[PDB]
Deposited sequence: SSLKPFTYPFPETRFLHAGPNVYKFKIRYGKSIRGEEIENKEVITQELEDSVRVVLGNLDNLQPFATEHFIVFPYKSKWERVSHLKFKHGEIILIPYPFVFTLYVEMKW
């Protein structure tokens, strides 16, 4: 169902094309089964942030607590993104998702 799988243990930076926009996502996992269940869960996490851009709060998934954060994207004017001929519009904020286990 989902798009590309995640580095589970380690930090990663993911660019995402959604509507006419490019989102910069950074994922961090703290003190930490079935690959695509986790993929779908982190994707669901992204979609949630993407649907609450100005209304960020920590949430609980099946396995995790996601604390999304939003920082200015420094030097975005320096970058152009294209999908073939189509200009993609950068959302000029970095989303950092800090993912902990619920326990």
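What the model leaves out of the deposited chain is one segment, 33 to 38.
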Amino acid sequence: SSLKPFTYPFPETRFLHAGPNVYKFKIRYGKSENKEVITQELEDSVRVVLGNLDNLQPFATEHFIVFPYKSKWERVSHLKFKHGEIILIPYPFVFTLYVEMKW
From here on, numbers count along this sequence of modelled residues.
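Here the stretch with the larger average CA B-factor, out of 2 to 10 and 92 to 100, is 2 to 10. In this entry, 71 to 79 shows the higher mean Cα temperature factor of the pair 71 to 79 and 53 to 61. Annotation for residue 47: CA B-factor lies in the lowest third of the chain's modelled residues.
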